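This document starts with one chain, in the form deposited in one PDB entry, laid out as structure tokens.
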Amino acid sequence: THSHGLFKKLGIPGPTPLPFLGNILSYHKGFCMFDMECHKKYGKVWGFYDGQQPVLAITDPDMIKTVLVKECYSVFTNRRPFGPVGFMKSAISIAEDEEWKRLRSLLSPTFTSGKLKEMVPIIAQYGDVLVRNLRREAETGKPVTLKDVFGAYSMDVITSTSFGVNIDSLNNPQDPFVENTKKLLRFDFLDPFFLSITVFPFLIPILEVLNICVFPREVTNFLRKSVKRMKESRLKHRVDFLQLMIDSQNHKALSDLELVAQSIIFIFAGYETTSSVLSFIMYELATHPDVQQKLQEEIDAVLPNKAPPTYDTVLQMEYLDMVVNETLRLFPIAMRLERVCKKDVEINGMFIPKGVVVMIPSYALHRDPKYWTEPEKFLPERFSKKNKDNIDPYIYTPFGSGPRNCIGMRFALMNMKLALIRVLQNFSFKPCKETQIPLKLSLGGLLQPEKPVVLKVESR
């Protein structure tokens, strides 16, 4: 069509698009397979169309640094709009340009290492809860699906960190927080709805005037009311995500609806993501028990006699840092990094026209043989103390990079590591007969396993 000749004029290789559809039919193998395929068949830079939207993929480390870090505030500042957002347009991950710079300033101190150290005791409290509910499942003599145990854990930390709500999600699935928040699963961008709106971006403004929100509106209105009630209910900082935005509420000021929007994004950002990575980590520990043994030995060394973890101790365990990093290399759940080019610009000898989405194939780079030897093998020694300097930080980007990287990286890493320390110091995980030995990945818009990971759990 009239927008499909762009990459031909610039002389950029890519699959030939179809009218009205672009290359979305090539998504039948999934985002990951499509990205790795184009990397093999086109080299270091290629292009394709999500409907009428042109997308340029870049793999040069210098270009990635220019897009994500150097020319970030000037050119590559925002992400592609993804659908009808409603009042959630004020969320930090959805805000654009000056509003984003303001909100990120108003929210950066919330994710300081100092504030994270003050959050460790609260998160550790539900590590003991996870172990208690894990032992009962171990006594059943039957395999357990890790998504439910970790999802229960990830919910308990989120509620206790975002608010003061202490809950046992696995045993108390009735509290209004547990019910509504359990409907904040990740967005399958290859489903009929999202595939439709990428082909029909003109329908996004229509959906907004019908008050059709991409987030379930019942959960949003419930959460807005609960925050409005809790603000009066405390009208003892307790290292509370909501409180840290209330005391900071008194650049510019953070509004009440803005505060509500950020709180929901933190719940959304850390419920399935935390549980998914924790499930991937345990799968690789079962199929590679030598790693699990050394990790279980390192946990006992730093924290003897099943000692509770600490900010100073978690940041000390080196082999635990290797297991999370290598799992995030194999399974970067974002799969991709996107920036919208807001003006004509030339980067590293390449012309990027206005309006083109620049894409960085994190999954494709993480499994590229030109940077990783035996990429499919899960060798956690890639990040040893003497081999962790060879890795290019712009090829391995599990949390993104630049001033729009993950704002909750330290929390997520701490939260996951605190969970791993407590569970491996009491249990061992064995591959049962209901476990997929190859672990086929899903073909949709999510980086999740095809079948849920079920493993045998024994007590130590």
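Rigid core here is just the name for the largest C-alpha set that superposes within 1.5 Å across the two forms. We number the residues from 1 along the sequence you see.
Undergrad: Please report whether at least a third of the other compared entries leave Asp188 without coordinates.
TA: Yes, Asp188 lacks coordinates in at least a third of the other compared entries that model both of its neighbours.
Undergrad: Find out whether the coordinates of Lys252 are absent in at least a third of the other compared PDB entries of the same protein.
TA: That residue is missing from at least a third of the other compared entries.
Undergrad: Zero if continuous, otherwise a range: how many residues of the deposited sequence are missing coordinates between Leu235 and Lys236 (none, 1 to 3, 4 to 9, 10 or more)?
TA: Some 4 to 9 residues are missing between them.
Undergrad: How big is the unmodelled gap, if any, between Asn250 and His251 relative to the deposited sequence? Choose none, 1 to 3, 4 to 9, or 10 or more.
TA: Count of unmodelled residues in between: 4 to 9.
Undergrad: Per the record, averaged over C-alpha atoms, which has the higher B-factor: 424-432 or 395-403?
TA: Result of the comparison: 424-432.
Undergrad: Output the stretch having the higher mean C-alpha B factor in the entry; the candidates are 356-364 and 135-143.
TA: That would be 135-143.
Undergrad: Out of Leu337, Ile333, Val340, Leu184, whose C-alpha atom has the biggest B factor in the entry?
TA: That would be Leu184, according to the entry.
Undergrad: Mind checking which third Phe280 falls in for C-alpha B-factor across the chain?
TA: Answer is lowest: the recorded C-alpha B-factor places it there.
Undergrad: Grab the CA temperature factor for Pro438 from the record and place it in the lowest, middle or highest third of its chain.
TA: Highest third, going by the recorded CA B-factors of the chain.
Undergrad: Place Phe202 in the lowest, middle or highest third of its chain's C-alpha B-factors, as listed in the PDB entry.
TA: Lowest third of the chain for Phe202's C-alpha B-factor.
Undergrad: Tell me, lowest, middle or highest third: where does the Cα B factor of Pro81 rank within its chain?
TA: Its C-alpha B-factor belongs to the lowest third of this chain's values.
Undergrad: Within this chain's modelled residues, let me know which third the CA B factor of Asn390 belongs to: lowest, middle or highest.
TA: Its C-alpha B-factor belongs to the highest third of this chain's values.
As for the form deposited in another entry, it is not shown, yet the points below apply to it.
Undergrad: Out of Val358, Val227, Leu295, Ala364, I need the residue that shifts by 2 angstroms or more at the Cα between the shown form and the other one, core superposed.
TA: Per the superposition, the moving residue is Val227.
Undergrad: For a quick test of reading the superposition: does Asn180 move by 2 Å or more at the CA between the shown form and the other one, rigid core aligned?
TA: Yes, the C-alpha position differs by at least 2 Å between the shown form and the other one.
Undergrad: After core superposition, I'd like to know whether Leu190 moves between the shown form and the other one (criterion: C-alpha shift of 2 angstroms or more).
TA: Yes; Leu190 is a residue whose C-alpha shifts (by 2 Å or more) between the shown form and the other one when the cores are overlaid.
Undergrad: Once the core is aligned, please say if the CA of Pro13 is shifted by at least 2 angstroms between the shown form and the other one.
TA: No, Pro13 moves less than 2 Å.
Undergrad: Did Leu443 and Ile265 drift closer or farther in the other entry, going by a CA distance change of 3 angstroms or more?
TA: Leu443 and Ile265 sit closer together in the other entry.
Undergrad: Based on a C-alpha change of 3 angstroms or more, tell me if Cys406 and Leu446 lie closer or farther in the other entry than in the shown form.
TA: Closer together, by at least 3 Å.
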